[PDB]
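Structure 1 and structure 2 below are the same protein chain in two forms, each given by itself as C-alpha coordinates.
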Structure 1
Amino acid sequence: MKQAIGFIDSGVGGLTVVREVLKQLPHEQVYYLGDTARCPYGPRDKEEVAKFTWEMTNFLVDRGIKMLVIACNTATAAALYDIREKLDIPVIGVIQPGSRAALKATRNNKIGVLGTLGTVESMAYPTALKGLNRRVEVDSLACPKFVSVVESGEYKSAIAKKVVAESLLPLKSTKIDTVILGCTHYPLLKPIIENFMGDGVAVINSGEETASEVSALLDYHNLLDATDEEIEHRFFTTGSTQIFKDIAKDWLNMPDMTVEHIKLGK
(Lines of atoms letter the chains of each structure in order from A and count residues from 1; the text may use other names and numbers.)
(Lines give C-alpha, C1' and ligand atoms only; values in the text may rest on other atoms or scores of the structure.)
Protein backbone atom coordinates (compact mmCIF):
# COMPACT_ATOMS: atom_id res chain seq x y z
CA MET A 1 0.00 0.00 0.00
CA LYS A 2 3.04 2.39 0.17
CA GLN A 3 2.86 4.87 -2.73
CA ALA A 4 5.53 7.21 -4.19
CA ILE A 5 5.70 10.93 -4.68
CA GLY A 6 6.20 11.29 -8.42
CA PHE A 7 8.60 13.81 -10.03
CA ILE A 8 8.79 14.60 -13.72
CA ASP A 9 11.49 16.70 -15.42
CA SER A 10 13.20 17.07 -18.79
CA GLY A 11 16.53 16.03 -17.27
CA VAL A 12 18.63 16.00 -14.11
CA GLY A 13 17.83 19.44 -12.70
CA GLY A 14 14.69 18.23 -10.88
CA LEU A 15 17.02 16.13 -8.66
CA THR A 16 17.67 19.34 -6.68
CA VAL A 17 13.97 19.25 -5.66
CA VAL A 18 14.25 15.51 -4.78
CA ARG A 19 17.18 16.45 -2.58
CA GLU A 20 14.94 18.67 -0.43
CA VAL A 21 12.20 16.06 -0.35
CA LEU A 22 14.72 13.49 1.03
CA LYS A 23 15.54 15.95 3.82
CA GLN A 24 12.08 17.17 4.69
CA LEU A 25 10.10 13.96 4.00
CA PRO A 26 12.49 11.11 4.82
CA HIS A 27 9.69 8.51 5.11
CA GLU A 28 8.41 9.05 1.55
CA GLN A 29 9.37 7.00 -1.46
CA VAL A 30 10.29 9.00 -4.58
CA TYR A 31 9.75 8.00 -8.23
CA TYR A 32 11.60 10.37 -10.54
CA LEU A 33 11.51 10.52 -14.33
CA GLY A 34 14.00 12.60 -16.34
CA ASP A 35 13.27 12.78 -20.08
CA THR A 36 16.91 13.30 -20.95
CA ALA A 37 16.45 11.93 -24.56
CA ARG A 38 14.41 15.04 -25.46
CA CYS A 39 15.82 17.80 -23.24
CA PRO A 40 15.93 20.75 -23.48
CA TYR A 41 12.22 21.50 -23.40
CA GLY A 42 12.69 25.29 -23.24
CA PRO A 43 13.10 25.64 -27.05
CA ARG A 44 9.97 23.55 -27.82
CA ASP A 45 6.37 24.43 -28.72
CA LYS A 46 3.80 24.50 -25.85
CA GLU A 47 1.60 21.81 -27.49
CA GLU A 48 4.61 19.46 -27.79
CA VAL A 49 5.77 20.08 -24.23
CA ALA A 50 2.26 19.32 -22.84
CA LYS A 51 2.22 16.12 -24.90
CA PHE A 52 5.61 15.09 -23.45
CA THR A 53 4.58 16.06 -19.94
CA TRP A 54 1.44 13.92 -20.26
CA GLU A 55 3.51 10.94 -21.45
CA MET A 56 5.70 11.23 -18.31
CA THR A 57 2.61 11.75 -16.12
CA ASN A 58 0.87 8.71 -17.51
CA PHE A 59 3.93 6.54 -16.95
CA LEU A 60 4.19 7.46 -13.24
CA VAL A 61 0.47 7.24 -12.65
CA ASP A 62 0.67 3.62 -13.93
CA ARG A 63 3.42 3.06 -11.37
CA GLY A 64 1.33 4.17 -8.42
CA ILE A 65 1.97 7.67 -7.13
CA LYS A 66 -0.08 9.60 -4.56
CA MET A 67 1.16 13.01 -5.63
CA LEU A 68 2.99 14.58 -8.59
CA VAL A 69 5.61 17.33 -8.76
CA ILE A 70 6.36 18.87 -12.16
CA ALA A 71 9.87 19.77 -11.27
CA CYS A 72 10.57 21.61 -14.39
CA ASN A 73 9.84 25.38 -14.89
CA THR A 74 8.83 24.88 -18.62
CA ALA A 75 6.57 21.86 -18.13
CA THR A 76 5.10 23.58 -15.01
CA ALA A 77 4.10 26.55 -17.19
CA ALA A 78 2.84 24.42 -20.13
CA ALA A 79 0.78 21.66 -18.45
CA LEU A 80 0.18 22.22 -14.73
CA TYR A 81 -3.39 23.45 -14.98
CA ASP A 82 -4.60 20.68 -17.32
CA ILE A 83 -2.89 17.88 -15.36
CA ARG A 84 -4.18 19.14 -12.02
CA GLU A 85 -7.74 19.23 -13.45
CA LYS A 86 -7.63 15.70 -14.98
CA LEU A 87 -5.84 13.77 -12.17
CA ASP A 88 -7.34 13.01 -8.76
CA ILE A 89 -4.04 13.20 -6.92
CA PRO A 90 -2.41 16.55 -5.87
CA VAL A 91 -0.13 18.11 -8.50
CA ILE A 92 2.25 21.07 -8.06
CA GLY A 93 5.00 22.84 -9.92
CA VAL A 94 8.02 24.81 -8.72
CA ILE A 95 7.14 28.34 -9.77
CA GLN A 96 4.41 29.18 -7.21
CA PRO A 97 6.53 27.73 -4.35
CA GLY A 98 9.68 29.73 -5.45
CA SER A 99 7.52 32.89 -5.65
CA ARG A 100 6.17 32.32 -2.19
CA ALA A 101 9.63 31.83 -0.78
CA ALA A 102 10.82 35.05 -2.41
CA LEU A 103 7.93 37.08 -0.99
CA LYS A 104 8.80 35.70 2.44
CA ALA A 105 12.47 36.64 2.11
CA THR A 106 12.26 40.09 0.54
CA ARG A 107 12.36 43.25 2.59
CA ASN A 108 12.33 45.96 -0.09
CA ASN A 109 10.14 44.13 -2.62
CA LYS A 110 12.82 44.19 -5.27
CA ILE A 111 13.27 40.65 -6.63
CA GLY A 112 15.55 39.19 -9.33
CA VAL A 113 14.68 36.06 -11.33
CA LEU A 114 17.36 33.89 -12.96
CA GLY A 115 16.37 31.30 -15.52
CA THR A 116 16.53 29.94 -19.03
CA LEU A 117 15.61 32.08 -22.00
CA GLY A 118 12.24 30.28 -22.18
CA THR A 119 11.48 30.74 -18.50
CA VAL A 120 12.30 34.48 -18.46
CA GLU A 121 10.38 35.02 -21.73
CA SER A 122 7.33 33.27 -20.23
CA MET A 123 6.98 35.92 -17.48
CA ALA A 124 5.67 33.12 -15.26
CA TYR A 125 7.54 34.33 -12.22
CA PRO A 126 6.61 38.01 -12.50
CA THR A 127 2.96 36.95 -13.02
CA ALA A 128 2.96 34.77 -9.87
CA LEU A 129 4.80 37.37 -7.79
CA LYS A 130 2.76 40.36 -8.82
CA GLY A 131 -0.53 38.50 -8.41
CA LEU A 132 0.40 38.06 -4.71
CA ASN A 133 2.02 41.44 -4.15
CA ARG A 134 1.46 44.40 -6.49
CA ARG A 135 4.27 46.44 -4.98
CA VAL A 136 6.98 43.97 -6.14
CA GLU A 137 9.42 44.96 -8.82
CA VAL A 138 10.94 42.01 -10.66
CA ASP A 139 14.12 42.06 -12.78
CA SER A 140 14.38 38.92 -14.91
CA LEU A 141 17.70 37.75 -16.29
CA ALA A 142 18.34 34.92 -18.69
CA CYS A 143 21.45 32.88 -17.81
CA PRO A 144 22.06 30.67 -20.89
CA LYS A 145 25.43 29.30 -19.76
CA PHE A 146 24.44 28.01 -16.31
CA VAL A 147 22.80 24.69 -17.27
CA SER A 148 26.00 23.56 -19.07
CA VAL A 149 28.30 24.56 -16.22
CA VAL A 150 26.17 22.50 -13.80
CA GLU A 151 25.72 19.41 -16.05
CA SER A 152 29.38 19.31 -16.94
CA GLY A 153 30.35 19.29 -13.25
CA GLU A 154 32.08 22.71 -13.34
CA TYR A 155 29.80 24.33 -10.75
CA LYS A 156 32.39 24.60 -7.96
CA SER A 157 35.36 25.47 -10.19
CA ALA A 158 37.03 28.69 -11.35
CA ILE A 159 34.97 28.50 -14.56
CA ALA A 160 31.69 28.72 -12.54
CA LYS A 161 32.96 31.81 -10.66
CA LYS A 162 33.79 33.65 -13.88
CA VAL A 163 30.57 32.53 -15.58
CA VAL A 164 28.47 33.69 -12.58
CA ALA A 165 30.29 37.10 -12.26
CA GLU A 166 29.97 37.66 -16.04
CA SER A 167 26.30 36.71 -16.25
CA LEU A 168 25.05 38.48 -13.11
CA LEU A 169 26.91 41.75 -13.45
CA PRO A 170 23.71 43.59 -14.52
CA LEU A 171 22.08 42.69 -11.15
CA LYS A 172 24.88 44.60 -9.30
CA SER A 173 23.35 47.83 -10.70
CA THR A 174 20.12 47.20 -8.81
CA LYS A 175 18.85 47.25 -5.24
CA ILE A 176 17.40 43.75 -5.52
CA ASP A 177 17.53 41.98 -2.16
CA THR A 178 16.18 38.56 -3.29
CA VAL A 179 17.08 36.34 -6.26
CA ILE A 180 14.97 33.37 -7.34
CA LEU A 181 16.85 30.50 -8.89
CA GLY A 182 14.23 29.83 -11.56
CA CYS A 183 15.91 26.81 -13.13
CA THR A 184 16.19 23.58 -11.10
CA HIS A 185 19.88 23.12 -12.15
CA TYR A 186 20.87 26.46 -10.55
CA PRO A 187 20.97 25.39 -6.89
CA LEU A 188 24.28 23.65 -7.59
CA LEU A 189 25.70 27.20 -8.20
CA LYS A 190 23.99 28.70 -5.10
CA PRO A 191 27.21 29.20 -2.98
CA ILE A 192 28.95 30.96 -5.90
CA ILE A 193 25.88 33.12 -6.60
CA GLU A 194 25.59 34.09 -2.89
CA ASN A 195 29.28 35.08 -2.94
CA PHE A 196 28.91 37.24 -6.00
CA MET A 197 25.66 38.87 -4.81
CA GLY A 198 26.79 39.42 -1.26
CA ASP A 199 25.32 39.16 2.26
CA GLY A 200 22.44 41.58 1.60
CA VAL A 201 20.80 39.25 -0.95
CA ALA A 202 18.66 36.19 -0.21
CA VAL A 203 19.20 33.51 -2.92
CA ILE A 204 16.16 31.23 -3.21
CA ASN A 205 16.42 27.47 -3.94
CA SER A 206 12.78 26.89 -4.84
CA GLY A 207 13.14 23.17 -4.07
CA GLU A 208 13.07 23.95 -0.35
CA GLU A 209 9.60 25.56 -0.47
CA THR A 210 8.37 23.00 -3.01
CA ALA A 211 9.26 20.21 -0.59
CA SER A 212 7.38 22.01 2.19
CA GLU A 213 4.31 22.32 -0.01
CA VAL A 214 4.49 18.61 -0.80
CA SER A 215 4.58 17.95 2.94
CA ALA A 216 1.66 20.31 3.63
CA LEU A 217 -0.46 18.82 0.83
CA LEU A 218 0.26 15.27 1.95
CA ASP A 219 -0.79 16.26 5.47
CA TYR A 220 -3.89 18.04 4.15
CA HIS A 221 -5.02 14.77 2.48
CA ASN A 222 -3.94 12.51 5.31
CA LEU A 223 -1.31 10.88 3.07
CA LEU A 224 1.94 11.17 5.09
CA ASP A 225 3.84 7.94 5.81
CA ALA A 226 5.28 7.12 9.26
CA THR A 227 8.29 4.94 8.30
CA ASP A 228 11.12 4.66 5.81
CA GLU A 229 11.83 1.00 6.52
CA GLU A 230 10.46 -0.44 3.23
CA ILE A 231 11.40 2.55 1.04
CA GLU A 232 12.20 1.69 -2.57
CA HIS A 233 13.01 4.80 -4.62
CA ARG A 234 13.01 4.46 -8.40
CA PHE A 235 14.74 6.61 -11.01
CA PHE A 236 13.75 6.44 -14.67
CA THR A 237 15.34 8.05 -17.68
CA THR A 238 14.82 8.05 -21.50
CA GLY A 239 18.51 8.79 -22.07
CA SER A 240 21.76 7.29 -20.82
CA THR A 241 21.27 5.51 -17.50
CA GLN A 242 24.99 5.68 -16.76
CA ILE A 243 25.36 9.40 -17.29
CA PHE A 244 22.19 9.94 -15.22
CA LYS A 245 23.31 7.61 -12.43
CA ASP A 246 26.71 9.23 -12.25
CA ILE A 247 25.17 12.66 -11.55
CA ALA A 248 22.30 11.51 -9.36
CA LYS A 249 24.30 9.33 -7.01
CA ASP A 250 26.54 12.29 -6.30
CA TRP A 251 23.85 14.98 -5.90
CA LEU A 252 21.67 12.72 -3.74
CA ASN A 253 24.44 10.84 -1.76
CA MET A 254 22.99 7.53 -2.89
CA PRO A 255 25.83 5.26 -4.03
CA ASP A 256 23.53 2.25 -4.32
CA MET A 257 20.69 3.65 -6.43
CA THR A 258 19.35 1.96 -9.58
CA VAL A 259 18.36 3.81 -12.77
CA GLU A 260 15.74 2.27 -15.12
CA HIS A 261 15.82 3.03 -18.81
CA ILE A 262 12.39 3.69 -20.37
CA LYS A 263 10.92 4.45 -23.80
CA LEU A 264 8.40 7.25 -24.12
CA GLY A 265 6.43 8.65 -27.00
CA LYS A 266 8.03 9.23 -30.39
Structure 2
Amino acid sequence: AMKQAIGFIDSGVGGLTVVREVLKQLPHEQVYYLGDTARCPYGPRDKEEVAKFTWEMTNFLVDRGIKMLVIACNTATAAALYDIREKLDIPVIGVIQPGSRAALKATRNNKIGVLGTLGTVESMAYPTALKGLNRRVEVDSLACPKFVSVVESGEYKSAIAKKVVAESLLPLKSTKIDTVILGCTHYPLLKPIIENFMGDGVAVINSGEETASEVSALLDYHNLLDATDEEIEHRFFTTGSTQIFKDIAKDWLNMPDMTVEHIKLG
Protein backbone atom coordinates (compact mmCIF):
# COMPACT_ATOMS: atom_id res chain seq x y z
CA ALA A 1 0.00 0.00 0.00
CA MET A 2 1.06 3.59 -0.77
CA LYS A 3 -0.60 5.19 2.27
CA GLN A 4 1.86 5.64 5.14
CA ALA A 5 0.47 6.08 8.65
CA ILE A 6 1.01 8.92 11.03
CA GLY A 7 2.01 7.31 14.33
CA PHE A 8 0.69 8.31 17.77
CA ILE A 9 1.97 6.95 21.08
CA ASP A 10 0.62 7.39 24.62
CA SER A 11 0.29 5.63 28.00
CA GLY A 12 -3.34 4.75 27.16
CA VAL A 13 -6.38 6.48 25.66
CA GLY A 14 -5.05 10.05 26.14
CA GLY A 15 -3.57 10.30 22.66
CA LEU A 16 -7.04 9.78 21.21
CA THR A 17 -7.62 13.47 21.98
CA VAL A 18 -5.03 14.30 19.30
CA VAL A 19 -6.29 11.56 16.96
CA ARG A 20 -9.81 13.01 17.00
CA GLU A 21 -8.48 16.35 15.73
CA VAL A 22 -6.30 14.64 13.11
CA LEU A 23 -9.38 12.76 11.84
CA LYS A 24 -11.05 16.16 11.49
CA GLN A 25 -8.25 18.25 9.96
CA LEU A 26 -6.48 15.54 7.94
CA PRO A 27 -9.30 13.14 6.84
CA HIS A 28 -7.20 11.39 4.17
CA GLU A 29 -4.46 10.38 6.56
CA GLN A 30 -4.14 6.92 8.09
CA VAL A 31 -3.61 6.65 11.86
CA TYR A 32 -1.47 4.06 13.71
CA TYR A 33 -2.04 4.45 17.46
CA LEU A 34 -0.34 2.75 20.41
CA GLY A 35 -1.54 3.05 24.00
CA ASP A 36 0.64 1.42 26.63
CA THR A 37 -2.37 0.68 28.83
CA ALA A 38 -0.66 -2.08 30.85
CA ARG A 39 2.09 0.22 32.21
CA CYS A 40 -0.26 3.11 32.79
CA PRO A 41 0.05 5.31 34.78
CA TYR A 42 3.24 6.93 33.45
CA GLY A 43 2.70 9.87 35.82
CA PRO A 44 4.75 8.67 38.80
CA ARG A 45 7.60 7.09 36.79
CA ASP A 46 11.10 8.55 36.51
CA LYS A 47 12.26 10.36 33.37
CA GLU A 48 14.66 7.56 32.34
CA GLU A 49 12.01 4.82 32.49
CA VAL A 50 9.41 6.96 30.70
CA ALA A 51 11.92 7.56 27.89
CA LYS A 52 12.73 3.85 27.71
CA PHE A 53 9.00 3.05 27.32
CA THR A 54 8.50 5.85 24.80
CA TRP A 55 11.32 4.30 22.77
CA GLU A 56 9.76 0.81 22.91
CA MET A 57 6.51 2.34 21.63
CA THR A 58 8.37 4.33 18.98
CA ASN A 59 10.33 1.32 17.71
CA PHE A 60 7.09 -0.64 17.50
CA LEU A 61 5.43 1.93 15.21
CA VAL A 62 8.58 2.63 13.12
CA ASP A 63 8.65 -1.13 12.42
CA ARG A 64 4.97 -1.06 11.29
CA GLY A 65 5.87 1.88 9.03
CA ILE A 66 5.14 5.50 9.82
CA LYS A 67 5.98 8.73 7.93
CA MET A 68 5.72 10.85 11.11
CA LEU A 69 5.45 10.44 14.89
CA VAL A 70 3.33 12.32 17.40
CA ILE A 71 4.29 11.79 21.04
CA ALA A 72 0.67 12.20 22.16
CA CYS A 73 1.57 12.14 25.86
CA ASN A 74 2.90 14.99 27.96
CA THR A 75 5.34 13.18 30.21
CA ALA A 76 6.70 11.24 27.21
CA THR A 77 7.23 14.51 25.33
CA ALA A 78 9.11 15.95 28.31
CA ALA A 79 11.09 12.77 28.84
CA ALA A 80 12.08 11.84 25.30
CA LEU A 81 10.94 14.18 22.43
CA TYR A 82 14.31 15.78 21.75
CA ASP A 83 16.17 12.48 21.76
CA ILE A 84 13.58 10.82 19.49
CA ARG A 85 13.42 13.79 17.06
CA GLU A 86 17.21 13.80 16.96
CA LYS A 87 17.68 10.10 16.23
CA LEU A 88 14.84 9.52 13.72
CA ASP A 89 14.71 11.18 10.27
CA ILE A 90 10.91 11.44 10.11
CA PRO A 91 9.13 14.40 11.69
CA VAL A 92 8.50 14.00 15.43
CA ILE A 93 6.44 16.36 17.61
CA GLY A 94 4.93 16.39 21.09
CA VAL A 95 1.92 17.99 22.75
CA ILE A 96 3.50 20.53 25.17
CA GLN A 97 4.41 23.26 22.74
CA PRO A 98 1.06 23.23 20.92
CA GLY A 99 -0.89 23.53 24.19
CA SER A 100 1.37 26.37 25.21
CA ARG A 101 0.67 28.20 21.91
CA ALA A 102 -3.10 27.55 22.35
CA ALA A 103 -3.16 28.80 25.93
CA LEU A 104 -1.21 31.97 25.15
CA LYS A 105 -3.75 32.62 22.33
CA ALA A 106 -6.75 32.12 24.64
CA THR A 107 -5.66 34.14 27.69
CA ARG A 108 -6.96 37.70 28.27
CA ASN A 109 -5.01 38.55 31.48
CA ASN A 110 -1.89 36.33 31.01
CA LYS A 111 -2.59 34.17 34.08
CA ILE A 112 -2.40 30.56 32.88
CA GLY A 113 -3.11 27.41 34.89
CA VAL A 114 -1.78 23.98 33.94
CA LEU A 115 -3.28 20.62 34.93
CA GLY A 116 -1.03 17.58 34.73
CA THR A 117 0.46 14.38 36.11
CA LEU A 118 3.19 14.40 38.73
CA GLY A 119 5.93 13.73 36.20
CA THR A 120 4.77 16.56 33.96
CA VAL A 121 4.38 19.10 36.75
CA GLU A 122 7.76 18.22 38.19
CA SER A 123 9.49 18.50 34.79
CA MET A 124 8.52 22.24 34.64
CA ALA A 125 8.18 21.75 30.85
CA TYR A 126 5.00 23.81 30.72
CA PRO A 127 6.26 26.89 32.54
CA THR A 128 9.55 26.69 30.61
CA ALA A 129 7.80 26.41 27.26
CA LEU A 130 5.26 29.17 28.11
CA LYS A 131 7.77 31.70 29.41
CA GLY A 132 10.07 30.85 26.50
CA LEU A 133 7.28 32.14 24.23
CA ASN A 134 6.15 35.03 26.48
CA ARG A 135 8.33 35.81 29.51
CA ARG A 136 5.59 37.95 31.17
CA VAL A 137 2.99 35.17 31.38
CA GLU A 138 2.29 33.83 34.87
CA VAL A 139 2.04 30.04 35.05
CA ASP A 140 0.81 27.93 37.93
CA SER A 141 0.53 24.15 37.74
CA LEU A 142 -1.72 21.76 39.64
CA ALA A 143 -1.14 17.98 39.72
CA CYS A 144 -4.27 15.79 39.38
CA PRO A 145 -3.15 12.18 40.17
CA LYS A 146 -6.73 10.73 40.11
CA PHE A 147 -7.76 11.99 36.63
CA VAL A 148 -5.92 9.32 34.57
CA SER A 149 -7.47 6.35 36.48
CA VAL A 150 -10.97 7.79 36.21
CA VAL A 151 -10.52 8.17 32.44
CA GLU A 152 -8.85 4.76 31.92
CA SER A 153 -11.63 3.09 33.96
CA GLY A 154 -14.27 4.68 31.67
CA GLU A 155 -15.91 6.58 34.58
CA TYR A 156 -15.16 10.02 33.09
CA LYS A 157 -18.81 10.97 32.45
CA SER A 158 -20.09 9.72 35.78
CA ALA A 159 -20.95 11.23 39.17
CA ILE A 160 -17.64 10.14 40.73
CA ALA A 161 -15.81 11.95 37.91
CA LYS A 162 -17.74 15.14 38.82
CA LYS A 163 -16.61 14.84 42.45
CA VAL A 164 -12.88 14.17 41.85
CA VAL A 165 -12.69 17.17 39.46
CA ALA A 166 -14.43 19.41 42.04
CA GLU A 167 -12.03 18.25 44.78
CA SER A 168 -8.87 18.53 42.66
CA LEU A 169 -9.56 21.86 40.97
CA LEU A 170 -11.03 23.84 43.91
CA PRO A 171 -7.68 25.64 44.50
CA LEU A 172 -7.90 27.32 41.06
CA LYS A 173 -10.89 29.36 42.27
CA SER A 174 -8.63 31.16 44.75
CA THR A 175 -6.63 32.57 41.81
CA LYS A 176 -7.49 34.86 38.86
CA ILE A 177 -6.42 32.29 36.25
CA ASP A 178 -8.48 32.74 33.08
CA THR A 179 -7.07 29.88 31.00
CA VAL A 180 -6.45 26.27 32.09
CA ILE A 181 -4.31 23.94 29.93
CA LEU A 182 -5.27 20.29 29.95
CA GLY A 183 -1.62 19.25 30.16
CA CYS A 184 -2.32 15.53 30.16
CA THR A 185 -3.81 14.19 26.95
CA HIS A 186 -6.32 12.15 28.97
CA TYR A 187 -7.97 15.20 30.56
CA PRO A 188 -10.13 16.39 27.62
CA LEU A 189 -12.33 13.33 28.35
CA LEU A 190 -13.19 15.23 31.57
CA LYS A 191 -13.50 18.62 29.81
CA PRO A 192 -17.30 19.11 30.06
CA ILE A 193 -17.03 18.47 33.82
CA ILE A 194 -14.02 20.79 34.17
CA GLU A 195 -15.82 23.57 32.23
CA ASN A 196 -19.01 23.35 34.28
CA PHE A 197 -17.00 23.49 37.48
CA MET A 198 -14.80 26.45 36.45
CA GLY A 199 -17.60 28.31 34.64
CA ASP A 200 -17.60 30.64 31.64
CA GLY A 201 -14.74 32.88 32.82
CA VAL A 202 -12.05 30.22 32.31
CA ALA A 203 -11.07 28.89 28.85
CA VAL A 204 -10.15 25.19 29.20
CA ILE A 205 -7.66 24.22 26.51
CA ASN A 206 -7.58 20.86 24.73
CA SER A 207 -4.16 20.80 23.07
CA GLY A 208 -5.30 18.33 20.38
CA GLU A 209 -6.54 20.80 17.81
CA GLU A 210 -3.30 22.79 17.77
CA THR A 211 -1.24 19.56 17.72
CA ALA A 212 -3.25 18.33 14.67
CA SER A 213 -2.66 21.61 12.86
CA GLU A 214 1.05 21.23 13.44
CA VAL A 215 0.87 17.71 12.05
CA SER A 216 -0.89 19.12 8.99
CA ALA A 217 1.67 21.96 8.77
CA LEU A 218 4.73 19.67 8.83
CA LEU A 219 3.28 17.11 6.40
CA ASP A 220 2.32 19.90 4.00
CA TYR A 221 5.76 21.45 4.54
CA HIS A 222 7.69 18.33 3.54
CA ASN A 223 5.27 17.13 0.84
CA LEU A 224 4.34 14.13 2.98
CA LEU A 225 0.55 14.57 2.71
CA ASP A 226 -1.14 11.51 1.26
CA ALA A 227 -2.41 12.09 -2.30
CA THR A 228 -4.09 8.68 -2.71
CA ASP A 229 -7.64 7.33 -2.78
CA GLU A 230 -6.50 4.08 -1.16
CA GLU A 231 -8.90 2.97 1.51
CA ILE A 232 -7.96 4.20 4.98
CA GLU A 233 -7.14 1.39 7.46
CA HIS A 234 -6.67 2.90 10.90
CA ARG A 235 -4.92 0.53 13.33
CA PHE A 236 -5.01 0.78 17.11
CA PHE A 237 -2.79 -1.19 19.46
CA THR A 238 -2.94 -1.51 23.26
CA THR A 239 -0.83 -3.39 25.80
CA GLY A 240 -4.02 -3.93 27.81
CA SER A 241 -7.46 -5.34 27.05
CA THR A 242 -8.96 -4.49 23.62
CA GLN A 243 -12.66 -4.25 24.59
CA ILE A 244 -12.19 -1.60 27.29
CA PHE A 245 -10.04 0.38 24.83
CA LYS A 246 -12.71 0.00 22.13
CA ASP A 247 -15.47 1.15 24.51
CA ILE A 248 -13.56 4.37 25.35
CA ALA A 249 -12.27 4.96 21.84
CA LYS A 250 -15.67 4.43 20.19
CA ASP A 251 -17.19 6.97 22.60
CA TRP A 252 -14.52 9.64 21.97
CA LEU A 253 -14.13 8.97 18.24
CA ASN A 254 -17.06 8.54 15.88
CA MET A 255 -15.80 5.12 14.74
CA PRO A 256 -18.03 1.98 15.22
CA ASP A 257 -15.96 -0.47 13.12
CA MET A 258 -12.65 0.17 14.84
CA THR A 259 -9.82 -2.40 14.61
CA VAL A 260 -8.15 -2.75 18.01
CA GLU A 261 -5.34 -5.20 18.76
CA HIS A 262 -3.38 -6.28 21.83
CA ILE A 263 0.44 -6.39 21.56
CA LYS A 264 3.57 -6.82 23.77
CA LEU A 265 6.38 -4.36 24.62
CA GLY A 266 9.64 -5.22 26.46
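For numbering, take structure 1's sequence and count from 1. Here the rigid core means the biggest group of C-alpha atoms that line up within 1.5 Å when the two forms are laid on top of each other.
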Superposing on the rigid core, is the CA of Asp219 displaced by 2 Å or more between the two structures? no
How about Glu229 - superposed on the rigid core, does its CA move between the two structures by 2 Å or more? yes
Shift in angstrom of the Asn195 C-alpha between the two structures, rigid core held fixed, comes out at 1.1
Students should find the CA displacement of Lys46 between the two structures, rigid core aligned, in Å, to be 2.1
